[PDB]
Amino acid sequence: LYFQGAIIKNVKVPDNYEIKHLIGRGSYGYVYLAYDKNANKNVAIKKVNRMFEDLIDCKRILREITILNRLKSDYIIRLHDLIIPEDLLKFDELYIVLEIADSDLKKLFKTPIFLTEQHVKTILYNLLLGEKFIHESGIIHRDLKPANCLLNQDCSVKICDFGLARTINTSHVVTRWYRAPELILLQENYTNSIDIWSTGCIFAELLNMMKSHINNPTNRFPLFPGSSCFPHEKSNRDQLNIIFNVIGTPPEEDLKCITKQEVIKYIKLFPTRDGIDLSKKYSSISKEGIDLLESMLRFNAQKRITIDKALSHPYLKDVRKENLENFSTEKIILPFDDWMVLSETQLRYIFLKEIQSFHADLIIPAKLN
Ligand SMILES: Nc1ncnc2c1ncn2[C@@H]1O[C@H](COP(=O)(O)OP(=O)(O)NP(=O)(O)O)[C@@H](O)[C@H]1O
């Protein structure tokens, strides 16, 4: 006769944080509502377990933490605190304290509520302002999806979950539904256009919330749900399949970017087909709206609409705030680099320095230098 309210049990955090309840979960973390006595505010606390088993996963959480700690924007979720581990040399857990948000787009999409088109617009624009800041800081998030676009009741969007981000120069559930084809196809280089693609996918799901497109909330679906999310060739073949089913086999101009012969030949062996007509799928929105949607979802990363053009797109004139597009921020420097293979030792050092940024007096063990 166990109590389900024993989900709070595993969460051990300094006494100034009062754990209230569970709010959300992903493939890596469970996150909890908590009240902070010292700051007088609600916060979110992400707990990540088993964090040195796999070192690729370890690096992931370091990247998430180091990025958010060096970002300063109302459109990116704030890093409120990092809790000192009790065992500084052998800790396998980490408590990440974040600015709280009311919700997230994945939750909204499941709720039995309908949005107006102004809502859709307000939200997409807010998302794009966030992506702009990510760009101007010389980062590509690389894994934008409904789960990591947090939402507040006033329609403001806060981006999170930067563990897959890259800089501009075990087994888990893995969602490939918002991945750009170039990424699916594993091409050498890529730009922020990768985040615009993801934005297009999200936009389709924002469009689903209008009653005139979908009368019954039960039946809102992602645009590209091809890949299976549970544990390279087959998963990506299905994800590439469904993308072509929607936007079409690509034309020759789109294939000129590609470097490797075998990839072109892989592509070319998907039977030629035309897209769906998205105007017919989303037939309550203007031709401008559909233009914005179709521009974000171009196979050609080069022809895909840019952040700046999406912000200034006529479909969003009604909500645009050119005042907020113009800000000044520098390219952040991360305390490690993408290529760097790093030891447990070295990764524990960098964690503790970040934790030290929030806790001035923390002393890093000599063993970890
Ligand atoms: N600051 C926050 N405020 C409120 N809810 C949050 C916050 N951060 C995360 N959540 C909720 O927790 C979920 C998981 O967060 P996320 O950062 O994706 O965890 P993760 O497992 O570490 N990353 P992923 O596996 O890519 O989802 C989100 O989809 C939200 O429902």
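Bear in mind these aren't lab numbers, they're just calculated from the coordinates by the rules spelled out. Ideal geometry is used to build each Cβ from the backbone, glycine not excepted, and the neighbour counts take in all protein chains shown.
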message: If each residue of separation counts as 0.36 nm, what is the full-extension length gain between residue 258 and residue 356 once their alpha-carbon separation is subtracted?
response: 30.9 nm
field: Fraction of antiparallel bridges per DSSP, the chain only, in percent to nearest 5
entry: 95
message: I'd like the GluC sites (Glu not before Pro) in segment 68-165 restricted to DSSP loop residues with at most 13 other Cβ atoms within 10 Å, sorted by number.
response: 86
message: List the trypsin sites (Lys or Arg not before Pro) within segment 34-113 that DSSP assigns to loop and that have no more than 15 neighbouring Cβ atoms inside 10 Å.
response: 37, 50, 72, 90
query: What FRET efficiency, computed as 1/(1 + (r/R0)^6) with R0 = 56 Å and r the Cβ-Cβ distance, is obtained for residue 366 and residue 312, rounded to the nearest 0.05?
result: 0.55
statement: Cα-based Rg/(2.2 N^0.38 Å) for segment 221-369, rounded to two decimals, is 1.55
- line: With label points set 7 Å from each Cα along the Cα-to-Cβ direction at residue 188 and residue 55, the distance between them in nm comes to 2.7
query: To the nearest 0.05, how large is the calculated FRET efficiency for residue 13 and residue 110 if R₀ is 25 Å and r is the Cβ-Cβ distance?
result: 0.30
field: Length-normalised contact order for segment 261-369 - Cα pairs under 8 Å, 6+ apart - percent
entry: 14
- prompt: Quick one: what do you get for the chain if you divide its Cα Rg by 2.2 N^0.38 Å?
  reply: 1.03
query: Between residue 279 and residue 219, what FRET efficiency comes out of the Förster formula 1/(1 + (r/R0)^6) with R0 = 25 Å and r the beta carbon distance, rounded to 0.05?
result: 0.80
